[PDB]
């Protein structure tokens, strides 16, 4: 029993982390086979950031402009390209520790583990959700750029995030492993800000199912709601509209607990309207929205505590 924000074991990823220095800038890179991935902003100076032309900055660089360190060993760069907001540095060695991997672009609402790293050495791991406004609530200091987000299936690592910057609200922005930013953000010093965020409705509902699987039913009620009547309440509390697709995804949890989704929706409507009254749900006083339906199934028992 119990319910914790749980990250994937980080070992397959720790063996891919390297250090990347270009001039006086140090950050992290990801070394798979014979390539090292890293934020392109590694090439920039301070003043460069107000106005960088990356094509123009990169043409002025040779292979040997880049020092890549894997643990104590230096890896020699023998090739480079730019792909969107990333550099792809080809090196003399294939990583002996490259795992089975894939690159994926994850969707808002989905979660991933972040391996926070400094100077190519992993310091910590935690679980994040991609917010609706395309930021993550990470924990990052200067030096963390190039740290990566991931999910693991069987023994394949699905890389989904590389960290590039902190916004003024203290939340974090970056790209997929194709160098394409999540969100409207750009790797230049401008007045960009996180857009207004929304609560992830699907995740909240999943988490109420988790609470029921774990043995708590207090928050249920006799009522039901239509999809449409729920959403009018949802909009008022700054929750995402629930869609039929979302209802269908919640099928298996629904089945395991014998609580119809629209009945769970009615319970939620009542929680939003009345509060929790000094009560907790899985040890929380607020409604949690960083656990997907997938996460609940991975973690919780296949057998409900009726």
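Superpose the two forms; the largest set of C-alphas matching within 1.5 Å is the rigid core. Residue numbers count along the first chain shown, from 1.
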Report summary line: Core-fitted, the stretch whose Cα atoms sit farther from this form in 9 other deposited structures of this protein, 106-114 versus 187-195, is 187-195
**Report entry** 56-64 against 42-50 - segment lying farther from this form in 9 other deposited structures of this protein (CA RMS, rigid core fit)
**Finding:** 42-50
Report task. Return whichever of 88-96 and 117-125 has the greater mean Cα B factor according to the PDB record. Result -> 88-96
Query raised in the report: Of 205-213 and 219-227, which one has the bigger average CA B-factor?
Result: 219-227
Query raised in the report: Of the choices 241, 29, 252, 275, which one's C-alpha carries the largest B-factor in the record?
Result: 275
**Report entry** Criterion, highest CA B-factor; candidates, 247, 267, 49, 42
**Finding:** 49
Query - Cα B factor band for residue 296 (lowest, middle or highest third within the chain) - result: lowest
Query raised in the report: Of the three thirds of its chain by CA temperature factor, lowest, middle or highest, which one includes residue 140?
Result: lowest
Query raised in the report: Among the modelled residues of its chain, does the C-alpha B-factor of residue 107 lie in the lowest, middle or highest third?
Result: middle
Report task. For residue 193, return the chain-relative third of its C-alpha B-factor as stated in the PDB record: lowest, middle or highest. Result -> middle
Requested in this report: Taking the chain's C-alpha temperature factors as the reference, tell me which third residue 11 falls into: lowest, middle or highest.
Outcome: lowest
